[PDB]
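Take a look at the structure below.
Because the Cβ atoms are built from the backbone with ideal geometry, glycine has one as well, and the counts that use them run over all protein chains shown. Please treat every number below as a calculation from the coordinates, not as lab data.
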Amino acid sequence: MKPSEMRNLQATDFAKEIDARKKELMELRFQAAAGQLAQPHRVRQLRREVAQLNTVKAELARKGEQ
RNA sequence: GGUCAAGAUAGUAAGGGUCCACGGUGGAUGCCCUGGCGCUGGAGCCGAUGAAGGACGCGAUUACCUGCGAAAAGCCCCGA
């Protein structure tokens, strides 16, 4: 989610922890339009995760090279 | 009482007038402020690591605005 158990992983996993959510974030987005989205928040969350799932990855891009 | 004659005179308002009562219209007036004006002082550059100012977007529902910008009404960190 954010702690040292987020970065904890592989760069590729970051992607996996990305390209998988936006796979949920889709089926969700579909549901909505199809009517049944009972997890309005899920959306916002899943989303918020992807944010972190990059901000971090991005924090590395400078720590270990400057 | 009456009839006849001669006189005189009022009343009704279709509509109007003045005044009062009560209303409608309309926004003056008074009180108020979520908005302005001036002077004093403070502060005084921004931009190819891409401005100024904008287009299209982001929301469970979003047309206007606001904040942002696909990491999209927000993401990390430090403090409070």
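Around A:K63, with a cut-off of 14 angstrom between Cβ atoms, what is the net charge of the other residues, counting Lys and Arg +1 and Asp and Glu -1? It would help to have the intermediate numbers written out before the result.
Numbers: positive: A:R7, A:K57, A:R62; negative: A:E59, A:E65.
Overall, the nearby charge balance is +1.
Full extension from A:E65 to A:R29: what is 0.36 nm times the residue separation minus their Cα-Cα distance, to one decimal in nm?
Details: separation 36, 0.36 × 36 = 12.96 nm, distance 3.89 nm.
The span from A:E65 to A:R29 would gain 9.1 nm if fully extended.
Please give the net charge around A:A51, taking every other residue with its beta carbon less than 13 angstrom from that of A:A51, where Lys and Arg add +1 and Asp and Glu add -1. Walk me through the numbers before you get to the answer.
Working: positive: A:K2, A:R21, A:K22, A:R44, A:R47, A:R48, A:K57; negative: A:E17, A:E49, A:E59.
Local net charge: +4.
Would you mind counting up the charge near A:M6? Only other residues with Cβ under 11 Å from its Cβ, with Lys and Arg at +1 and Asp and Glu at -1.
Numbers: positive: A:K2, A:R7, A:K57; negative: A:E5, A:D13, A:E17, A:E49, A:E59.
Local net charge: -2.
If you look at just the Cα atoms of chain A, how large are its Rg and its Dmax in Å?
Cα-based Rg and Dmax for chain A come out at 14.1, 48 Å.
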